[PDB]
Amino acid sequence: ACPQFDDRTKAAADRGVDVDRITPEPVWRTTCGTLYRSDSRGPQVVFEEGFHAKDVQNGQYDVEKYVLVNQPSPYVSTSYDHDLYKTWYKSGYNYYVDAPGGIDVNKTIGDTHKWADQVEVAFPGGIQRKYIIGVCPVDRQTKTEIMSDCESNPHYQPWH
């Protein structure tokens, strides 16, 4: 099965997320399959730092408002869909994530909002580097992964 942790923000790269300010009430992901994140930053920084959120102290904690309007927030978005990179094909990297928890966005705010088809999992306080498996770069012209240039994260620590 998947290990469950009492700390729903075990995955976070940023200490000090205030779980009680997350609204509306979060439905936490309890599975442990691979998740994906498109990002413009290459693995040199992402594997060293993990994914930190833009604004844990003063960002937008309401999940509905954060989906309606992109704005600094305590959340790092990922998706259940390996192929979401093809929509976001101008972001040069597709990161493969194996992290506990996260807020299942469609379970929390419903499945009819603007980004429901992106099947998102939002990580409050981001995702520490030990939960990032690796990356594949994305070719903008063909919208495909450059699979000969993928890279494992030296800091990935398997946990199940």
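The numbering used is simple: start at 1 and walk along the sequence shown.
Here 123-131 and 57-65 are compared by their mean Cα B-factor, and 57-65 comes out higher. Stretch comparison (21-29 versus 145-153) by mean CA B-factor in the PDB entry places 21-29 on top. The entry assigns its greatest Cα B factor, within the set 44, 91, 106, 34, to 91.
Of the candidates 39, 117, 98, 48, the PDB record gives 117 the highest C-alpha temperature factor.
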